[PDB]
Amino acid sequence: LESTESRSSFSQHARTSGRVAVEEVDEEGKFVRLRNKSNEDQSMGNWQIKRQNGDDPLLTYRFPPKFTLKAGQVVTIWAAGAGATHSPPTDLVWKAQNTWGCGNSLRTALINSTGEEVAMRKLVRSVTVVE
């Protein structure tokens, strides 16, 4: 008998330089997925992923000192809470952080070994309900 009405919007802003893109970001905070979209391997030892969730404190993941994402390949980095299994080279677990973080603005940035941002993907979700 009650009427309902809502507007939802979900936007994805992506930017990539170099060989590796931030391909998929879990809205439920379980994982971040990268892909080497090139025909050459990418060394990613001591690269980082910086995660800015709104005004939440920055979260930073650091890759192993030696890690290679091969041409065409995907790596998924799982937060500890997701219950995934550490299985390189396709699946890595971030043991220190239980979630990548949830919320209406999630910015995931890939950082190379010298500290430059080389790719990012930002998810924004807005919802308004008629009252």
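We number the residues from 1 along the sequence you see.
Across the two stretches, 44-52 and 65-73, the PDB entry reports the greater mean Cα temperature factor for 65-73. When the two stretches 55-63 and 80-88 are set side by side, the higher mean Cα temperature factor goes to 80-88. Per-chain ranking of the deposited C-alpha B factor places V124 in the lowest third. Compared with the other modelled residues of the chain, the Cα B-factor recorded for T16 ranks in the middle third. Sort the modelled residues of the chain by CA B factor and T99 lands in the lowest third.
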